[PDB]
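# Structural overview
The primary structure of each chain is shown beneath.
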Number of protein chains: 4
Amino acid sequence: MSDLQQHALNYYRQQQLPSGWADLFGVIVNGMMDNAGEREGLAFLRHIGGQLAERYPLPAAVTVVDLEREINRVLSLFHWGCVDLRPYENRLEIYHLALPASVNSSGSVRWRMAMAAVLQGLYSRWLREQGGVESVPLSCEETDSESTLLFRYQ
Amino acid sequence: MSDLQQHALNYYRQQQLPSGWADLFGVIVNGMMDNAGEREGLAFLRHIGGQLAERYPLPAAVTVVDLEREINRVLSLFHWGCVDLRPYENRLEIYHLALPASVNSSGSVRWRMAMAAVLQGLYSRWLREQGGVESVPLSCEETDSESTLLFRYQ
Amino acid sequence: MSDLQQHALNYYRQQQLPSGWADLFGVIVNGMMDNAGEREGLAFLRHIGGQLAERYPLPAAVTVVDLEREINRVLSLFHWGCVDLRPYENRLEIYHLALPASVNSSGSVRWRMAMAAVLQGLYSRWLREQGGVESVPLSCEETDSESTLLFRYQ
Amino acid sequence: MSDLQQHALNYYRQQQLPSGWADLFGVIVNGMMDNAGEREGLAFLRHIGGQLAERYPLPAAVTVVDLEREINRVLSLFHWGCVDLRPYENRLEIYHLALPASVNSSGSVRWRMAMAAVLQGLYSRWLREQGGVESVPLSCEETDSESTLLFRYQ
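Determination of this PDB entry was carried out by cryo-EM to a resolution of 4 Å, according to the record.

See the structure below:
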């Protein structure tokens, strides 16, 4: 690590979100969470994520590396970071890297929670349709770095 | 007119909205309008527009054309069309041109209404702060063309 | 027509070219045309267009509508306007619409000539590779509108 | 460091250059360097860099931090990395970070040399106009990291 690495990464993260639409989403989620509460907001955002997932159909793949390549292909259009797949004996581990940065210094955690909920719904629908098990959800998890999220599929 | 003009304008309007964020806003507004109703949805969207307007402060202008230039300067960053000012003896007409096109063939009117509400709130707050009258709202009006809106300030 | 149509089209054309790279290309072409002359500049730009065309391989199509769809798919990424195919008994007409606008008021014709040359080379290579005749070039032609070009394949 | 850092940085650098214009510049510089030689190509690239610098006038600053802020403001529009100023007793060091990545695996060094020349001309003109000394050029230097450059002003 060094100062130059910090400057480069900070500049890259700053150039990640486009003005106008992202701020509108931030205000919408802030207002809705202020109005209706936390649990209801999370459930609603998960439902919205599922509905958004329904619009984009992934082609039927056969191997996991096909899944990572296709998910990266779809996510590169939205500028929504990168994804890594790690298989295990009975688990699937989802690493999400380079999350869109927060837009307000006083509402970073709210934004992160909202984005995590939307992505959780998206991944849940995508994995359910491709041939997974419909009785198991995706568990969310924090990691030390701010710009990364962990997901577990059991 | 001609077919070439139609092709050019259609291609330009197609290249107007960025993928990902705009579709997310569309799903959010569709779900909220389906859930809470119409009047409450419009009121909430107007409030969101006001809050979004509060974030971007326009510099203090002195003439109407300066306001026109500043509003276009702010709107060119969002790709939210163009604006024209027409003053009168006691009225002010706001022409909004090249609105972001609809994303779904079955929800064009819903999208138009939502975008009109958000823009109405935005213009209301912007005009109120700069030195207008706080007891008069902005009246909305449709025009023959689908991509244009008329606003009246009395 | 109307004033509103002019405002909308002008704003759309203004939002067509990204800053930095396009201005760099403009300075490149102005300097090279000033240095080496006209005929050599056109020949060099045609060669560059062919070389650029070699990098992007269009999939093997079978009908003309497939060709226009593929060309539109490729050009939508560069923001290089739109293309229309018109077949005849022994001719093929290429209509190019919504050309990237000029960047300097004093060098509009130079920019248009350069862009026409590079597009002529690009289309020449694509049409030659897909199964056309290698002994016939693409003839350029000006049309009344400044933002449109005609190409003839005999 | 870790694998995740490499994935994030690689994805960010991949999303740095827009298609079409950048490839056109790459082909132009490759052809010109193949045709006219090395020294002449570098001289012409420096000249066009100065010409491009002439188009964008920096406001008259009074301190070095104003200069870094203004140069970053200008460069953020082109997506041309970031700049750091380090003053010394009689020297000035220009750190350029997050350079636009190479587009071809077989021409990375050619692209680096061309981009370095263009940036050298740009910085030379910019520093000359603002009140520097006209008899001293900017010396270029490479650093261990591929995506960073050092410039010396004596």
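The next subject is the interface of chain B and chain C. Each partner contributes to the interface: chain B provides 20 residues, whereas chain C provides 18 residues. Taken together, the two surfaces of chain B and chain C that pack against each other cover about 1900 Å², and 62% of this comes from carbon and sulfur. Scanning the region where chain B abuts chain C turns up one salt bridge. Residue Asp3 of chain B is joined to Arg86 of chain C by a salt bridge in which the shortest nitrogen-to-oxygen separation is 3.2 Å. One can count five residue pairs in polar contact joining chain B with chain C. Partitioning the side of chain B that touches chain C into residue classes produces nine nonpolar, seven polar and four charged.

The next thing to look at is the sheet that holds strand β3 (residues 138-142) of chain D. Residue and element names in this part refer to chain D. Taken in spatial order, the four strands of this open sheet run β1-β2-β4-β3, and their pairing is antiparallel. Two strands in the sheet have a free side with no partner beyond their single neighbour: β1 (82-87) and β3. Mean inter-strand twist for the sheet, computed between neighbouring axes without regard to direction, equals 20°. Inspection of the sheet shows β1 paired to strand β2 (residues 92-97) by six bridges, in the antiparallel sense. Looking across to β2, one finds that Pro87 is bridged to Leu92.

Quick look at the nonpolar core now. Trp80, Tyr123 and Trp126 of chain C together with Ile28, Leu45, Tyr123 and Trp126 of chain D are the most contacted members of the largest nonpolar core, which has 78 residues in total. In this view, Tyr123 of chain D contacts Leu75, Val83, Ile94, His96 and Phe151 of chain D; residues no more than four positions away in its chain are not counted. Judged by nonpolar contacts, the second largest core, of 77 residues, contains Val74, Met115 and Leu149 of chain A together with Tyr123 of chain B.

Bringing the packing of aromatic side chains into the picture now. Per the stated rule, a full pass over the model turns up 35 aromatic pairs over all chains. An angle of 55° between the planes, with centres 5.4 Å apart, marks the rings of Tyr56 of chain B and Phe78 of chain B as tilted. Here the residue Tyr56 of chain B occupies a position in the loop between α3 (39-55) and α4 (64-78), and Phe78 of chain B occupies one in helix α4, the gap between them amounting to 22 residues. For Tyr56 of chain B, a relative accessible area of 23% gives the class partly exposed. Taken together, the ring pairs in this structure connect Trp21 of chain A together with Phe25, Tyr56, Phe78, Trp80 and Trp111 of chain B into an aromatic cluster. Residue placement shows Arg91 of chain A over the ring face of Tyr88 of chain A; its charged tip is 4.1 Å from the ring centre. Here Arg86 of chain B stacks its cationic end above the ring of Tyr95 of chain B, 5.2 Å away from the centre of that ring.

With that settled, the discussion passes to helix α1 (residues 3-14) of chain D. Taking 1.5 Å as the rise per residue, α1 of chain D with 12 residues should run 16 Å; its terminal C-alpha atoms sit 16 Å apart, in good agreement. What α1 of chain D keeps buried is the set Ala8, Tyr11 and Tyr12 of chain D. Seen from one end, α1 of chain D has its buried residues packed into an arc of 100°, which puts them on one side. In this structure, α1 of chain D carries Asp3, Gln6, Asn10 and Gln14 of chain D as exposed residues pointing more than 90 degrees from its buried face. On the buried face of α1 of chain D, the contacting elements are α1 (3-14) and β1 (82-87) of chain A. For α1 of chain D, the N-terminal cap is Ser2 of chain D; the gap from its side-chain oxygen to the backbone nitrogen of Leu4 of chain D is 3.0 Å.

A few words on the relation of the copies chain B and chain C. Look at the two chain copies: a rotation about an axis and a shift along it is all it takes to match them. Mapping chain B onto chain C calls for a screw motion: a turn of 180° about the axis and a shift of 0.0 Å along it, with 0.1 Å RMSD after fitting. What the superposition gives is, in effect, a two-fold axis relating one chain to the other. Considering only C-alpha atoms, the residue of chain B closest to the rotation axis is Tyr12 of chain B, which sits at 3.3 Å. Taken together, the interface assignments show that 90% of the residues at the interface of chain B recur at the interface of chain C, consistent with an identical surface on both copies.

What follows deals with the sheet that holds strand β4 (residues 148-153) of chain A. Residues and elements named next belong to chain A. Strands sit in the order β1-β2-β4-β3 across an open sheet of four strands; the sheet is antiparallel. Whereas interior strands pair on both sides, the edge strands pair on one side only; in this sheet they are β1 and β3 (138-142). Within the sheet, the average angular offset between the axes of one strand and its neighbour, ignoring direction, is 25°. With five bridges joining them, β3 and β4 adopt antiparallel strand pairing. Note that in β4 the partner of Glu142 across the bridge is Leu149. Along the sheet, helix α4 (residues 64-78) makes contact with β1 and β2 (92-97), crossing β1 at roughly 165°.

Rules behind the numbers
Note on numbering: positions run from 1 along each chain as its sequence is written and may not match the entry's numbering; residues without coordinates are not listed. Following the order in which they are written, the chains are lettered starting with A and the ligands numbered starting with 1. Only heavy atoms go into the side-chain values, all of them from the structure, while hydrogens and water stay out. Residue contacts are defined here by distance: any two heavy atoms, one from each residue, within 4.5 Å place the two residues in contact. Note: buried area is the sum, over both parts, of the accessible area (probe 1.4 Å) each one loses when the two are combined. Any carboxyl oxygen of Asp or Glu that lies within 4 Å of a side-chain nitrogen of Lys or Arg is treated as forming a salt bridge with it. Here a polar contact means two N or O atoms within 3.5 Å. Within protein one must be a hydrogen donor candidate and the other an acceptor candidate, and residues neighboring in sequence count only if both atoms are side-chain atoms. For this classification, the nonpolar set comprises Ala, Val, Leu, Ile, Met, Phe, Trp, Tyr, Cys and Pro, the charged set comprises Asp, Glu, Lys and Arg, and every other residue, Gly included, is treated as polar. Pairs of strands are assigned from DSSP output, requiring at least two bridges between the strands. Each helix corresponds to a stretch of at least 4 residues labelled H or I by DSSP, and each strand to a stretch of at least 2 residues labelled E; elements are numbered beginning at the N terminus. Only the contacting stretch of a helix is used when fitting its axis, a line to C-alpha atoms as for every element, and angles between N-to-C directions run 0 to 180 degrees. The set of buried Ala, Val, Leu, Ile, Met, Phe, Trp, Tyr and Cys residues whose side-chain atoms join them within 4.5 Å is what this entry labels a nonpolar core. Each residue's exposure class comes from its accessible area (1.4 Å probe, protein chains only) as a fraction of the maximum for that residue type: buried when under 20%, exposed when over 50%, partly exposed otherwise. Centres within 6.5 Å make a pair out of two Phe, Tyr or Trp rings, where for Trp the six-membered ring is used; the pair is then stacked when the planes are under 30 degrees apart, edge-to-face when over 60, and tilted otherwise. Each ring is checked for a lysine NZ or an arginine CZ that lies within 6 Å of its centre and within 35 degrees of its normal; such an atom marks a charge sitting over the ring. Expected span, for any helix, means 1.5 Å times one less than how many residues it has. Regarding the arc, it is the one traced by the directions from the helix axis to the C-beta atoms. Least-squares superposition on the C-alpha atoms is how the copies are aligned.

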